[PDB]
Amino acid sequence: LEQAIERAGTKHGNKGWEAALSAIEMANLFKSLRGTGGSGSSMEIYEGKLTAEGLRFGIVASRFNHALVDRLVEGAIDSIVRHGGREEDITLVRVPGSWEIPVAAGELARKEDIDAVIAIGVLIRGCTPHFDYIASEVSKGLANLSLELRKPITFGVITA
Amino acid sequence: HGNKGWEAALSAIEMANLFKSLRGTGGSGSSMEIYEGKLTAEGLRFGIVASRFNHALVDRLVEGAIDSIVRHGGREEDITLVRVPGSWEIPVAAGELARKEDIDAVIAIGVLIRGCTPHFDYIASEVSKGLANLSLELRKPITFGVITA
Amino acid sequence: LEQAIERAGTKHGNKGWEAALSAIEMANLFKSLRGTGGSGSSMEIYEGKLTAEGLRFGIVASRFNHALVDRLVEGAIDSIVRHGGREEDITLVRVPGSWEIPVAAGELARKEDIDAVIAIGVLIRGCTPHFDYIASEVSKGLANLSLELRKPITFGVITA
Amino acid sequence: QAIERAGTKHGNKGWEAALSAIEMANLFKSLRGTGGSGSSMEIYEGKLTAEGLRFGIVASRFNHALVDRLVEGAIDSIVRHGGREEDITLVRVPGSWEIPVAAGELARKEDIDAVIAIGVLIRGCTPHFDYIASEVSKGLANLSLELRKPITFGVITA
Amino acid sequence: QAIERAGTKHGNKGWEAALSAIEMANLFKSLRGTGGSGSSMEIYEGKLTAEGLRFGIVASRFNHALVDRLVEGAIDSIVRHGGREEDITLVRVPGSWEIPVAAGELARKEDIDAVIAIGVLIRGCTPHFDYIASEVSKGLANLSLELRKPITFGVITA
Amino acid sequence: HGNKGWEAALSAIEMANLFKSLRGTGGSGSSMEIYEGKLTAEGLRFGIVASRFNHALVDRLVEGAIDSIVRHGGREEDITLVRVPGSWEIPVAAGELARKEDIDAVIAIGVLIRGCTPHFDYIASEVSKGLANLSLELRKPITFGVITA
Amino acid sequence: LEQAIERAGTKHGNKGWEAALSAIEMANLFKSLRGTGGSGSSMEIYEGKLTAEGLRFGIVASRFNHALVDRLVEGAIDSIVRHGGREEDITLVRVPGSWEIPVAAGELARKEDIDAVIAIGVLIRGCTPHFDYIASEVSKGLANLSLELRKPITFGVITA
């Protein structure tokens with residue numbers, strides 16, 4: 001009966017859901033930017049559609065506190081599928097802890113197949129007025145990789 | 001045991017059995033007929049319509065509904081669960097389930113905004129009205145598991 | 001001894017008593033209305049007798065707060081019997097709560113045997129200057145059924 | 001004109017109303033289909049792909065500023081989710097009182113999968129019971145149940 | 001002749017062999033069909049309704065008494081389970097050695113759903129390894145895997 | 001934990017992972033390559049073929065196989081169970097499952113009659129022979145969970 | 001997981017299976033007996049087919065030791081379905097104990113719809129060299145009903 005208890009839950013608002021949408025929007029936005037320009041004669045506006053058909057995604061998830069992380073990953077998958085994506089075009093990578101997220105994400109982003117990457121994880125403590133070194137490095141690494149490879153990377157971590 | 005989802009499921013089970021007995025031919029006589037429904041769900045098909053808004057609470061309500069049906073001898077294979085965006089469109093979805101000949105009862109679960117209204121609320125009044133009219137027209141029990149935040 | 005303590009009570013004035021009388025009066029009134037007309041020559045007056053011999057009744061009662069509801073049901077039965085009715089011609093239906101009264105009453109009113117229906121129940125709260133949805137629906141349902149089927153339905157609920 | 005286009009309209013009641021219509025339209029299309037084989041509890045939910053669906057919109061003209069931002073919010077929700085602008089029918093009515101009757105005409109067409117109702121309501125500066133607002137909600141709810149076609153409610157108070 | 005018909009043949013190896021063929025024929029017809037939707041572990045099993053299926057039987061003539069009771073056992077199993085006697089093809093061969101080659105010819109026809117092999121084997125009164133018996137089992141097993149069609153084994157030792 | 005059904009499931013899981021790694025490109029060098037399979041069943045599809053003869057024992061064997069797959073992270077949704085009359089026709093049914101592109105491994109479960117044969121048994125020798133040949137031809141692992149009474 | 005543990009079991013040989021087959025065979029046999037005769041010229045043989053399409057069945061099962069009885073009932077249903085029957089055409093009746101089987105079976109056998117009845121139950125003790133009164137009465141009742149109504153009734157009880 002526990003299978004239906006867990007399957008009867010909904011995963012529509014967790015941070016995994018919003019992280020997936022941003023990746024879908026940014027991936028479509030880039031296709032239009034590096035395509036042909038407009039006809040001019042008016043201000044040109046660019047914005048990404050939310051159709052996720054024909055796009056390839058990769059997800060990197062840490063293993064700490066897998067009870068919560070598992071629910072964030074399921075939220076991300078649901079968002080992609082419900083917007084027209086195929087579960088065939090998702091790659092999932094698991095890592096021991098938060099310190100290892102940027103290096104693993106770097107491997108996936110260098111493949112020609114993938115169009116966007118989603119990073120999911122849970123940080124330690126966080127609720128203290130102090131500078132945390134692990135938190136700062138993970139944010140720094142993902143930001144640098146995105147700018148270097150010119151490929152969007154979404155940041156879906158939480159604190160607890 | 002103490003949530004409105006549990007209570008709503010029990011009412012659906014009892015009403016489904018009661019209807020089954022009423023269609024039977026009346027007794028010979030010699031006493032006052034008394035009709036009532038028993039609390040065994042074996043061999044009955046159920047449908048559930050739940051809203052997603054304020055999902056933190058409804059999952060516990062849908063939890064109770066499924067648990068009650070199974071605990072009282074119901075087979076989990078016979079539950080059909082339908083999800084809708086908000087409470088405004090529970091009645092329209094419930095009507096589609098109630099018209100299936102393979103469904104014995106329907107349970108509606110949802111949450112409504114605070115009840116400190118000046119005099120009236122225009123969305124809450126339509127959910128209850130629609131479900132009540134639907135039950136009488138189709139002659140099939142529909143239970144109201146909605147709660148107010 | 002408790003059997004005589006409860007049996008020694010009287011049930012002559014409770015709302016079950018008046019609900020039964022209205023059903024008796026209305027049931028007899030309809031027989032005269034759809035019968036042959038008068039001879040004219042003067043204003044014609046119709047009114048129902050209180051003789052309950054040969055009439056079939058049905059009672060729908062909710063189960064909430066059965067301590068009070070049980071006494072209302074006994075009052076209704078006493079009224080019918082004391083006016084000449086037979087306990088053989090009473091059908092009793094029990095329902096979980098007030099929300100289920102109109103649907104059950106609809107089933108009984110469609111039978112050709114029954115001549116009137118009596119609804120008994122106890123409502124929740126009620127003593128608040130606010131619009132209650134369960135109370136409104138139960139009143140609405142019984143009113144609509146009576147007009148649609150052209151069969152009297154009496155309304156014997158109370159508040160507590 | 002470009003100043004008008006630059007404003008954002010994601011998240012306004014026009015956006016949510018259109019999004020609900022897309023989900024309900026897909027949900028019904030699944031229910032009418034063949035049932036599952038069995039062997040487990042069977043769950044239904046509507047996808048958010050809007051390609052191939054036809055929509056209708058009824059909007060009042062009162063308070064011409066607020067309404068336009070709501071109507072444009074609905075249209076962009078359909079387009080950004082895969083819909084084509086050639087499959088939208090727009091109807092405009094003088095006021096909120098006659099939304100239900102116009103919505104009925106659109107809903108009876110066999111080429112429409114869902115209907116979206118947009119409007120605004122005048123709020124008197126003391127809380128009495130409004131006899132116009134109640135009739136709009138009552139009328140729209142009855143139409144959906146009778147016609148068995150989803151209708152979404154997208155009005156706001158001034 | 002009526003004395004021959006009066007005897008019972010339920011339960012002899014002809015009966016069991018035919019019954020297995022019916023189940024396997026239905027099982028394969030299910031596997032080739034569309035897969036289930038999902039949501040649970042998916043189980044397959046063959047029904048025992050024989051209407052609409054075509055069968056072939058290969059039987060040797062050695063020990064003409066024993067074989068006939070086995071062949072008649074197979075036929076009644078098909079008929080009593082709904083099959084028609086017009087959908088059975090019977091082939092007779094001199095001896096057990098040439099059952100596999102004849103069974104191959106029947107199995108290659110597109111109008112056959114299963115094949116049943118019946119025969120008896122001579123048991124020498126001391127237990128040596130039989131070079132004829134092993135070849136029959138080896139040949140029949142290879143044919144079924146290669147042709148992807150069920151073949152049932154219904155032989156006995158004297 | 002101690003039945004052949006449990007052991008057969010573990011072997012199928014390990015072989016399925018091992019094949020997945022071998023198809024990967026070889027390493028740069030500078031050491032001896034070592035290939036091995038891990039014991040995590042997540043994301044793998046399995047098929048089971050079981051015989052009905054002597055059903056008292058096989059149910060315990062099929063019990064272990066399903067329990068092992070789930071305990072090691074396998075999803076029960078991915079198990080396909082096929083039943084056949086006797087052991088003679090396990091190979092033909094196993095071949096139909098192995099040719100599906102959605103199956104990673106196949107487990108065969110059955111029971112054979114007493115092994116006090118004079119020199120040889122003609123039915124037992126065909127089950128093992130057929131499964132072995134089938135695995136090599138299709139290049140897919142097939143596990144042998146058969147036991148002797 | 002327990003749902004698959006119980007569903008993975010087989011029910012092919014238990015007494016419920018054989019009881020169902022006898023009912024299927026006898027029900028078909030009677031249709032041929034009371035039909036048109038043969039052409040003669042040879043000894044005429046009657047025997048029942050095992051096709052269970054278009055036949056209606058009824059099952060009476062006691063409730064003592066429901067762990068075992070439940071498995072016998074499932075065996076009976078499987079036999080009917082696997083031979084071409086429809087689960088729509090099965091009526092199931094549950095009774096408190098073995099003493100009540102013959103009276104319940106009598107009710108079902110008098111309906112014109114049903115073609116055969118299957119009785120399932122578990123007897124008490126039994127493994128004693130003594131005459132048991134409950135066991136004797138149940139066997140006697142079923143035998144008498146079958147001969148009186150001219151309708152087959154199958155006897156699928158066991159001892160434990």
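Per chain, numbering begins at 1; letters A, B, ... match sequence-line order. Values below: every heavy atom of this structure, side chains too, minus hydrogens, waters and symmetry copies.
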When rounded to the nearest 0.5 angstrom, what is the spacing between [atom1] in [X] and [atom2] in [Y]?
X	Y	atom1	atom2	result
G:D89	G:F57	CG	CZ	9.0 Å
E:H81	E:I22	NE2	CD1	6.0 Å
G:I5	F:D59	CD1	CG	12.5 Å
F:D104	F:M15	CG	CE	12.5 Å
E:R92	E:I57	CZ	CD1	10.5 Å
F:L97	F:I107	CG	CD1	11.0 Å

inquiry  = My understanding is that only residues two or more places apart in sequence, or in another chain, count here; which of them pass ring-ring contact (aromatic ring centres under 6.0 Å, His included) with F:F144?
reply    =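 Partners of F:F144 under the ring-ring contact (aromatic ring centres under 6.0 Å, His included) test: none.
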query = Does the pair E:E135 and E:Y131 meet the rule for a side-chain contact (heavy atoms from CB on, under 4.5 Å), with working shown?
reply = CA-CA 7 Å; E:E135 291 294 328; E:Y131 297 111; 5.8 Å; no
key: Flag if over 12 foreign heavy atoms under 6.0 Å of NE2, E:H128   =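 Counting other residues, nucleotides and ligands, NE2 of E:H128 exceeds 12 neighbours.
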Can you see which heavy atom on [X] is nearest to which on [Y], and at what distance?
X	Y	result
F:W88	E:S137	CH2-O, 4.0 Å
F:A124	F:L112	CB-CD1, 3.7 Å
F:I90	F:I109	CD1-O, 3.5 Å
G:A4	F:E76	CB-OE2, 2.8 Å
F:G145	F:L61	O-CD2, 4.3 Å
F:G47	F:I103	N-CG2, 4.2 Å

key: Full working for side-chain contact (heavy atoms from CB on, under 4.5 Å) between E:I122 and E:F62   = CA-CA 9 Å; E:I122 297 89; E:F62 171 97; 3.2 Å; yes
Are the charged groups of [X] and [Y] less than 4.0 angstrom apart, N to O?
X	Y	value
G:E53	G:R86	no
F:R45	F:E77	no
G:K49	G:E25	no
F:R99	F:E137	yes

task = Begin from the C-alpha positions of G:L33 and G:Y46 and carry the test side-chain contact (heavy atoms from CB on, under 4.5 Å) through to its verdict.
result = CA-CA 7 Å; G:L33 266 171; G:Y46 291 86; 4.3 Å; yes
For the residue pair [X] and [Y], establish whether any side-chain heavy-atom pair is separated by less than 4.5 Å.
X	Y	value
G:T51	E:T49	no
F:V92	E:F28	yes
E:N26	E:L53	yes
F:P85	E:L19	no
F:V58	F:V111	yes

query = With respect to G:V60, which candidate in G:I153, G:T91, G:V117, G:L92 satisfies the side chain to side chain contact (heavy atoms under 4.5 Å, CB included) definition?
reply =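 Per the side chain to side chain contact (heavy atoms under 4.5 Å, CB included) rule, the option paired with G:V60 is G:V117, out of G:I153, G:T91, G:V117, G:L92.
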Answer yes or no: is there a donor N or O on one side and an acceptor on the other, between the side chain of [X] and the main chain of [Y], under 3.5 Å?
X	Y	answer
E:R80	E:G83	no
D:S40	E:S39	yes
E:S144	E:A141	yes

query = Is the closest side-chain donor-acceptor distance between E:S37 and D:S37 under 3.5 Å?
reply =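 Yes, because at least one side-chain N or O of E:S37 sits under 3.5 Å from a partner of the opposite role on D:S37.
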Table please: side-chain donor-acceptor pairs of residues 2-16 of chain E below 3.5 Å, with sequence neighbours left out.
| unit_1 | atom_1 | unit_2 | atom_2 | d |
| --- | --- | --- | --- | --- |
| E:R5 | NH2 | G:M43 | O | 2.9 |
| E:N12 | OD1 | E:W15 | N | 3.3 |
| E:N12 | ND2 | E:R69 | O | 2.9 |

key: Trace of the side-chain contact (heavy atoms from CB on, under 4.5 Å) decision for E:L27 with F:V82   = CA-CA 9 Å; E:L27 174 51; F:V82 167; 3.9 Å; yes
